[PDB]
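Undergrad: sequence plus experimental coordinates follow:
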Amino acid sequence: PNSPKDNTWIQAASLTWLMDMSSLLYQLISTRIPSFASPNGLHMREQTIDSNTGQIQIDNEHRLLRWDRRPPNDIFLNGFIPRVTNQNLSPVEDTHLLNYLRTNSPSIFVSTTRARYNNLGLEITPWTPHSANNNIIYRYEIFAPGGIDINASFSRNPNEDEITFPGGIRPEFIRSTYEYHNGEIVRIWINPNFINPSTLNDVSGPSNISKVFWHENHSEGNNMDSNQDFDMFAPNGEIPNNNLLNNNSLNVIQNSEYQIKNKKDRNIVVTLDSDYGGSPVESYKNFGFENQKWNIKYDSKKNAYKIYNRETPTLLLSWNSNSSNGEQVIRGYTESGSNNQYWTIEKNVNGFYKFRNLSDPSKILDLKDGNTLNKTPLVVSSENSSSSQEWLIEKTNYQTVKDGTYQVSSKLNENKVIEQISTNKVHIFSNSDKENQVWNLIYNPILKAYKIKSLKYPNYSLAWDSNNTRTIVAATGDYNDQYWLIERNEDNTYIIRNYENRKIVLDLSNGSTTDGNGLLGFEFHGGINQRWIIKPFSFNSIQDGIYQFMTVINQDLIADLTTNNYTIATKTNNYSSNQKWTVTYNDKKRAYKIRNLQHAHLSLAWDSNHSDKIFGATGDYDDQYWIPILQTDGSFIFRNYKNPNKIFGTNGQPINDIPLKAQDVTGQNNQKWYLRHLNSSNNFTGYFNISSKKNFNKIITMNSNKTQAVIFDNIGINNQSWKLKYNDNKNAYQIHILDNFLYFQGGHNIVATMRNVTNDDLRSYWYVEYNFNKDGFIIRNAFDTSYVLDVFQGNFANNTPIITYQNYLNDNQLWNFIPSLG
């Protein structure tokens, strides 16, 4: 209990797989944090999201900034990716929040700092890096859900405004960045793909500094010098003053392609009926047609705007103020030189823009009688507190998703995913993470559109059989019906709209999520059956290296290559070659061979042709490749590459020497493994107070004579600050204080402290293993691995000896590791 109420705190996560692992992530961050350092636990940011709308709050209160030396060409497309990205997370370092803050050690954490303001709301110098005045630094603006308030979470003498995001932050929460050259701002960058495309003209800075909208591979997009988190580290900055930064020196609309959407019906947008002169400007449901978009160009002298149709560039949004019949209808006309083709655009208190003509500014841009009904002409009319004359001016945004592999799924059931069965057909199916169930989105910069190509058949792409069916197919070649516009919605879903006929979007037939149901190209109405969940997916979930596969139910049991035939069963861990596995990715199979360490020529295999045996097969087969899938509780499930519905587990509860069985996936715990990445770099270094789970204030302490180890009140003495010396060969540590080593004396026996230990003595070595179920580290001996450090009898009186005893996962057997001094 006591973790966050919901995902909110990590919803920004750049590491998207992390978003629905709150409980686990709280646990991991917290074990390393000792009671004293956080009296009331991590405080999460309140208010970041709205509760009348659910959308990200874009006020001063929750404005954040990140100082980064990385350019937009990188950042606006990648967001803030933590220094650590691996799916198999560790509480030792990966998540060690306190250590990252105190060290800037690699971690999954990305920090930011609040913007500062005075009592009157005016912006004041933020926390600022000492290096800031030198070379090329970027100061990113951020509005993101979640984050952790460092200040309200801790007690450690620092940036009182640091706000850390576990998982990083996707670029759609980065709204803008200042680019600095030696202290001087040279350019303000706007991110078109920011989450609220309509607050983009609220970004301010000084005057005579040019605002620019960023695209991928901008000419001026990647200015930079010759870790990434260096500049956002607390002792690399401070608050220099309370000086007023230069701001609010425009409040205009930057030139770019926009859609003017009406406040009465945001589904309806200002449209130019036709290509010729004097053709009316009407309102019509937004289908993202070229004529539903306009190039707004601003004129300094006049402080007014010309609004050019995108579809027909030389036709301007205009009011023929010179017409007879005192007309009040808006039409498209060529540049006549007159002010009746100019508009002043004013932002009302509530965020919306009004459009008044220049030639007569009492004439305002409006829908006819407020009729939102399609084809009703844009008129100009006197001022009303009517909603029809209020408009959103939204910046068009095409590159909505990064390139790479995604698993497209219906909002109706996010388990039901787009699958390419055989080569040309595509249907909806219950997901089981297979290649033909995963798609590769590649944006075309010139088309502003994506090709959605399968992983299983690269020569094919999700297309539209415009010639016949009007069903959804796959096809070779590079035709426009194979290109898709992808529009992010308010509920994070996407409309997948065809490029050829922009009427046609990706529809799940009838709304039927029934296994096999077809996909039409159907006319856009935006129902839930046209909304899709594009979700990043990645076959190389883990890194290559040597592993152990612990069972979720019993972590002391691992996948062990037995001697009885060639079988693999769960057996008590002993750190033997044959219990270790070299796991290696296969570009081509998009899965993993799990080759034994002792007997490399044997790989973890399923006797697919014969039984549900798991054994060490020689050579190579599809049934020897595995797809690890991260589970919300930190464990993995390994789907077999031949029948991905089969995963290796234990038929029920795992005890010593019971064989692994292939089974139909069921989610049960007997199917899930925690991976010990033995090869890894998540090891303890330096000094620690090793306190007990059962009493966080009672810590392993060397007695006066330096003969034994005992439990003791934490009193800050040298016999409590223990050095952990890791040994790469043994995957074990020596835990010592000077020449005095923590030392096995047998099970049931008091743990000695020995001077003079030879380097290979396993009696001086200890495995420190995090238990996920108990949330506490086990300190297990290396000489005889049946025994772990145990506060004798569960008695916490000062001087009770530490003994080694079989592991029962009792509270007196579990341990925390909190940094100290030597």
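TA: Cool, got the structure. Numbering: from 1, shown residues only.

Undergrad: and the gap between residue 452 and residue 746?
TA: 64 Å (CB to CB, to the nearest Å). Any C-beta I mention is one placed from the backbone N, CA and C, and that applies to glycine too.

Undergrad: which of these two has more neighbours?
TA: residue 452 (24 against 14; other CB atoms under 10 Å).

Undergrad: tell me the SS of that one?
TA: strand (DSSP: H, G, I helix; E, B strand; the rest coil).

Undergrad: that one contacts residue 484, correct?
TA: Yes - using CB atoms under 8 Å, residue 452 makes contact with residue 484 at a distance of 5.8 Å.

Undergrad: intersection of neighbour lists for the two?
TA: Listed as contacting both residue 452 and residue 484 by CB atoms under 8 Å, 6 or more residues apart in numbering are 462, 496.

Undergrad: phi and psi next, for the closest residue to residue 509 other than its chain neighbours.
TA: Nearest non-adjacent residue to residue 509, counting by CB to CB, 6 or more residues apart in numbering: residue 518, 4.7 Å away. Here is the backbone geometry of residue 518 (degrees, to the nearest 10): phi -80, psi 170.

Undergrad: just the strands in the stretch 701-822 of the chain please.
TA: 709-713, 722-727, 732-737, 740-743, 752-754, 765-771, 776-781, 788-791, 802-805, 814-819 (DSSP state E, counting those that start in this stretch).

Undergrad: residues making contact with the shortest one?
TA: Around strand 752-754, the neighbours that count as contacts under CB under 8 Å, 6+ apart are 702-703, 706-709, 737, 740-745, 763-764.

Undergrad: swap in the second one?
TA: Contacting residues not belonging to strand 722-727 are listed as 683-690, 700, 732-737, 742, 765, 768, 817, 820, 822 [CB under 8 Å, 6+ apart].

Undergrad: residue 253 against residue 394, yeah?
TA: No - counting by CB under 8 Å, residue 253 sits too far from residue 394 to count as a contact (11.2 Å).

Undergrad: for the closest residue to residue 283 other than its chain neighbours, give the beta-bridge partners.
TA: Once flanking residues are discounted, residue 283 sits nearest to residue 268: 4.9 Å by CB to CB, 6+ apart. Note on residue 268: beta-bridge partners by DSSP bridges are residue 285.

Undergrad: please shift the residue numbers so they start at 434 in all later answers.
TA: Sure thing, new numbering starts at 434, so read that last one as residue 701.

Undergrad: if we can go back for a sec, now render the strands of the stretch 1134-1255 of the chain as CSV, adding mean neighbour count and distance to residue 1057.
TA: Below are those laid out as CSV (neighbours: other CB atoms under 10 Å; distance: least, CB to CB, whole Å):
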stretch, mean neighbour count, distance to residue 1057
strand 1142-1146, 21, 46
strand 1155-1160, 19, 32
strand 1165-1170, 22, 31
strand 1173-1176, 24, 42
strand 1185-1187, 20, 46
strand 1198-1204, 22, 28
strand 1209-1214, 23, 31
strand 1221-1224, 26, 35
strand 1235-1238, 24, 39
strand 1247-1252, 22, 37
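
Undergrad: so which of those strands comes closest to residue 933?
TA: Taking CB to CB, strand 1198-1204 is the member of the strands of the stretch 1134-1255 of the chain nearest to residue 933, at 53.8 Å.

Undergrad: ok now the closest one, how far from the chain's centre?
TA: 30 Å (CA atoms, centre = their mean, to the nearest Å).

Undergrad: what helices or strands is that strand leaning on?
TA: Strand 1198-1204 is packed against strand 1165-1170, strand 1209-1214, strand 1247-1252, with contacts defined by 3 or more CB pairs under 8 Å, 6 or more residues apart in numbering; DSSP states H and E.

Undergrad: distance to residue 859 added to those, as JSON lines?
TA: Shown next, in JSON lines, are the helices and strands packed on strand 1198-1204 (distance: least, CB to CB, whole Å):
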{"stretch": "strand 1165-1170", "distance to residue 859": "52"}
{"stretch": "strand 1209-1214", "distance to residue 859": "48"}
{"stretch": "strand 1247-1252", "distance to residue 859": "51"}
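
Undergrad: to residue 872, which of those lies closest?
TA: strand 1209-1214 (41.0 Å).

Undergrad: got the contact list for the closest one?
TA: Contacts of strand 1209-1214 (CB under 8 Å, 6+ apart): 464, 1123, 1126, 1168, 1177, 1195-1196, 1198-1204, 1220-1222, 1237, 1240, 1242, 1244, 1246-1250.

Undergrad: one more: stretch 1243-1251?
TA: 464-465, 467, 1117, 1121-1127, 1129, 1133, 1157, 1201, 1204, 1207, 1209-1212, 1221-1224, 1227, 1229, 1238, 1240.

Undergrad: format the strands of the stretch 1134-1255 of the chain as JSON lines; extra columns: distance to residue 798.
TA: Shown next, in JSON lines, are the strands of the stretch 1134-1255 of the chain (distance: least, CB to CB, whole Å):
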{"stretch": "strand 1142-1146", "distance to residue 798": "75"}
{"stretch": "strand 1155-1160", "distance to residue 798": "70"}
{"stretch": "strand 1165-1170", "distance to residue 798": "72"}
{"stretch": "strand 1173-1176", "distance to residue 798": "79"}
{"stretch": "strand 1185-1187", "distance to residue 798": "84"}
{"stretch": "strand 1198-1204", "distance to residue 798": "63"}
{"stretch": "strand 1209-1214", "distance to residue 798": "66"}
{"stretch": "strand 1221-1224", "distance to residue 798": "76"}
{"stretch": "strand 1235-1238", "distance to residue 798": "79"}
{"stretch": "strand 1247-1252", "distance to residue 798": "63"}
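
Undergrad: closest to residue 725 out of those strands?
TA: Of these, nearest to residue 725 by CB to CB is strand 1198-1204, at 55.3 Å.

Undergrad: name the strands paired with the closest one and say parallel or antiparallel.
TA: Strand pairing (DSSP bridges) places strand 1198-1204 next to strand 1165-1170 (antiparallel), strand 1209-1214 (antiparallel).

Undergrad: got the angle for that strand vs strand 1155-1160?
TA: 100 degrees (axes from the mean of the first three to the mean of the last three CA atoms, to 10 degrees).

Undergrad: which residue sits closest to residue 656, ignoring its sequence neighbours?
TA: residue 569 (5.2 Å).

Undergrad: please enumerate the strands of the stretch 834-983 of the chain.
TA: Using DSSP E, counting those that start in this stretch, strands in the stretch 834-983 of the chain cover 837-839, 842-843, 849-852, 860-863, 872-877, 882-887, 894-897, 905-908, 916-921, 927-931, 937-941, 952-956, 964-966, 978-984.

Undergrad: go ahead and confirm residue 488 touches residue 629.
TA: Yes - taking contacts as CB under 8 Å, residue 488 lies within contact range of residue 629: 6.9 Å.

Undergrad: tell me which of the two has more neighbours.
TA: residue 629 (17 against 14).

Undergrad: residues near the residue lying closest to the more buried one once chain neighbours are set aside, how many?
TA: Closest residue to residue 629 apart from its sequence neighbours, by CB to CB, 6+ apart: residue 491 at 6.0 Å. A count of nearby residues for residue 491, using other CB under 10 Å, gives 18.

Undergrad: what of the one 5 residues further on?
TA: Residue 496 has 19 neighbouring residues, counting by other CB under 10 Å.

Undergrad: one more: residue 1206?
TA: For residue 1206, the tally of surrounding residues (other CB under 10 Å) stands at 13.

Undergrad: residues contacting it?
TA: 985, 988, 1242.

Undergrad: same check on residue 858?
TA: 906, 907.
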